[PDB]
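Peer 1: Here it is: the structure, laid out below.
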Amino acid sequence: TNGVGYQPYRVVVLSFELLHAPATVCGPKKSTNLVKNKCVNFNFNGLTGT
Amino acid sequence: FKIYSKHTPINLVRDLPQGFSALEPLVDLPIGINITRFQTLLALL
């Protein structure tokens, strides 16, 4: 019966703090398919090379 | 708090013998807390 202005905005203020208890809410990876017998570049657990 | 661990099939009951055997990284604890003293706690007339 009141207005949408009063209708609650379901609010999640993402309070996050940095550089303590080492970074744990993190960014994922996107994979590919394996290739063989081809001079290519690669990335494995941070390790990168060709 | 890295936990290097290993069980080797010794066959004796008393003071550590000679011989060679490595350990293995069994589990790490990705905490960042401060620790400087420990205490044993057994399975406690």
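A short reminder: the numbers here are calculations on the coordinates, not readings from a lab. Don't worry about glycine lacking a Cβ; one is built from the backbone with ideal geometry, like all the others, and counts go over all protein chains shown.
Peer 1: Taking region B:8-34 as the search range and keeping residues that are within 14 Å of chain A (Cβ to nearest Cβ) and in contact with a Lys or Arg (Cβ under 9 Å, 6 or more places away or on another chain), which one is farthest from A:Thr24 (Cα to Cα)?
Peer 2: B:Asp28
Peer 1: Within region A:11-21, is there a residue that is part of a loop (DSSP other than H, G, I, E, B) and farther than 30 Å from B:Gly32 by Cβ?
Peer 2: yes
Peer 1: How do the pairs read when you match residues in region B:15-33 that are more than 14 Å from B:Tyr4 (Cα to Cα) with residues anywhere that are hydrophobic (A, V, I, L, M, F, W, C), using Cβ under 8 Å and keeping only pairs 6 or more apart or on different chains?
Peer 2: B:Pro17/B:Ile10; B:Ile31/A:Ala21; B:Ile31/B:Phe1; B:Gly32/A:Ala21
The rows are residues; the columns are (1) under 17 Å from the mean Cα position of the chain (by Cα); (2) in a loop (DSSP other than H, G, I, E, B); (3) surrounded by 10 or more Cβ atoms within 10 Å (Cβ to Cβ).
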{"residue": "B:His7", "(1), (2), (3)": "yes, yes, no"}
{"residue": "B:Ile10", "(1), (2), (3)": "yes, yes, yes"}
{"residue": "B:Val13", "(1), (2), (3)": "no, yes, no"}
{"residue": "B:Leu16", "(1), (2), (3)": "yes, yes, no"}
{"residue": "B:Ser21", "(1), (2), (3)": "yes, yes, no"}
{"residue": "B:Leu26", "(1), (2), (3)": "yes, no, yes"}
{"residue": "B:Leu45", "(1), (2), (3)": "no, yes, no"}
